[PDB]
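Just the one chain here, laid out as structure tokens, in the form deposited in one PDB entry.
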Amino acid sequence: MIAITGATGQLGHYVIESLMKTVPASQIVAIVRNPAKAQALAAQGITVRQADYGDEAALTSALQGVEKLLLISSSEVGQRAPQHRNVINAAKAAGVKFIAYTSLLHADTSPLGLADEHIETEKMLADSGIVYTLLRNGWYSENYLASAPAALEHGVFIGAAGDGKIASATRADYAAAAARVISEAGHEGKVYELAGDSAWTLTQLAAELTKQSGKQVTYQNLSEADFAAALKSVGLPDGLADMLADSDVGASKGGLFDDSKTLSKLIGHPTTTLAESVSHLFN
């Protein structure tokens, strides 16, 4: 029996659809905090167990019978470690035999500040005494593409990534990889550096963006301080602008680049290209 946290999130939703191609709904257990948002999962045969992430006891009850657990990291970036602390201890007590975790590409060496909470979580895993696998996801192409409209309307794309190379991949790609790891054998104890088969600069993004839209789009490389202040300028939560600007700087440092091709070789086919993703904007 396999269990999965964050099943109601964008990545998890895909993990589940992916898993359901080869796994009977019943053999899947979605540990969610709010079953109200688990409408779809219920309408598929998937088991849903409620568990407050800040509640180890509830997490332990929720992990009963679970042989393999996918810990889709928490989106509550800021108090994530304590949450994953609870989850890992619940698993130990419940007797989970295998845990796969979504971390960050090259976590231990990444220049991005987002690596922090993941590193703490990777340590706890090392400490758990439970066999585990690190699914170090690189950047979701859908992140930058979230600013596709703003760049199309206002004419240009901005950031602080310089010439850094982002080997992005879709959420569906990473979810498939997570799906294989938790369902198929031969993927325990591994440290997978998952990323796109290709990489691209923010400028290649603008050029690709103008090539398909027709309208012009230039890339304006700003400094970190600039970029940050730039987001809040159009009214953006400080935390966000900060993290966002830090990540771009982490990318300018090559922290989002990897060319191991672990992702495609793992999902058994080529990862989704930026060209195809960009295409969706005009689906």
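Only residues modelled in both forms are compared. When you see a residue number, it is the position in the sequence shown, counting from 1. In this text, rigid core is short for the largest set of C-alphas that superpose within 1.5 Å between two forms.
The question of which stretch, 246-254 or 217-225, has the higher mean Cα B factor is settled in favour of 217-225. Legend: mean Cα B-factor per stretch from the PDB entry, 181-189 versus 208-216; the higher mean is in 208-216. Taking only the listed residues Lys123, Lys165, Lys92, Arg80, the entry reports the highest CA temperature factor at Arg80. Ranking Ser103, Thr133, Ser74, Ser198 by the C-alpha B-factor listed in the PDB entry places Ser74 at the top. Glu117: CA B factor in the middle third of modelled residues in this chain (values from the PDB entry). The deposited CA B-factor of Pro111 belongs to the middle third of values across its chain. For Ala30, the recorded CA B-factor ranks within the middle third of the chain. Only modelled residues enter the ranking. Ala62: CA B factor lies in the lowest third for its chain, per the PDB record.
Annotation for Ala150: CA B-factor lies in the highest third of the chain's modelled residues.
One more form of this protein, deposited in another entry, exists but is not displayed; see below.
For the residue set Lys37, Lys215, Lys253, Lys232, core-aligned C-alpha shifts between this form and the one not shown reach 2 angstroms or more at a single site, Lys37. Between the C-alpha atoms of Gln44 and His13, a gap narrowed by no less than 3 Å is obtained in the other form, as opposed to the form on display. By the rule of 2 Å per CA over three or more consecutive residues, the rigid core superposition between this form and the one not shown yields one shifted run, at 36-45.
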